[PDB]
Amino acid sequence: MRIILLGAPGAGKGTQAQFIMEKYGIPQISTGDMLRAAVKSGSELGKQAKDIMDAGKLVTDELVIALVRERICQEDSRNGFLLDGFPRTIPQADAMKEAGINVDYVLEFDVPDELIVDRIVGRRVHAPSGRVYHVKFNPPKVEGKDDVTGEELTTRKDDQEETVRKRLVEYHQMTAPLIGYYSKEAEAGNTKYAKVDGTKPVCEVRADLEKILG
């Protein structure tokens, strides 16, 4: 019902987020989507993240805490949710604690650092639809084209390999301690942890998730 997806950038969280959404009918709350949408439409609550997402840095904890707080207040609460990209720092995890939001599962998408850069530099997306591709690991039917609309695919500005390394460094510094954060909470019986082998093909990763959830 209420689960958190953890993992290094490019571990595959967003890909498996689409599957968990359809299989179990819980909404996907992705801070990356909401910010990129707020920037695209110039929405006051998020448009400020433009220059710093393109730089590969993290958004101020307060700005995403409020956007998540506003997004969770929209949905019907027992529909559940599927957090993808949040929490990303210890203060963001403490915000959910203070706000009385307990989770049922934490799913860790473990992937070696040696795959991270290649997964992200090879990523292409269809921005209007959110569809995600990889040149090698999950390619479109036609090169550079979107499978549904035929429009020329795009590469996100922060998917430049240099910005990726800035992101991978910042992930190890600010976001990786959430693995020990929520593993301690699982050991306290406040949630249920689960590590997932993110190196498998997407077919098997989606199978491993099915066995963990239901």
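Counting begins at 1, following the sequence as shown.
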| query | finding |
| --- | --- |
| Residue selected from 61, 146, 54, 170 by maximal Cα B factor | 54 |
| Criterion, highest CA B-factor; candidates, 66, 35, 178, 188 | 188 |
| Position of residue 183 among the chain's modelled residues by C-alpha B-factor, lowest, middle or highest third | highest |
| Lowest, middle or highest third - CA B-factor, residue 100 | middle |
| Chain third (lowest, middle, highest) by recorded CA B-factor, residue given as residue 195 | lowest |
| Modelled-residue ranking by C-alpha temperature factor, third containing residue 134 | middle |
| Third of the chain, ranked by Cα B-factor, where residue 203 sits | middle |
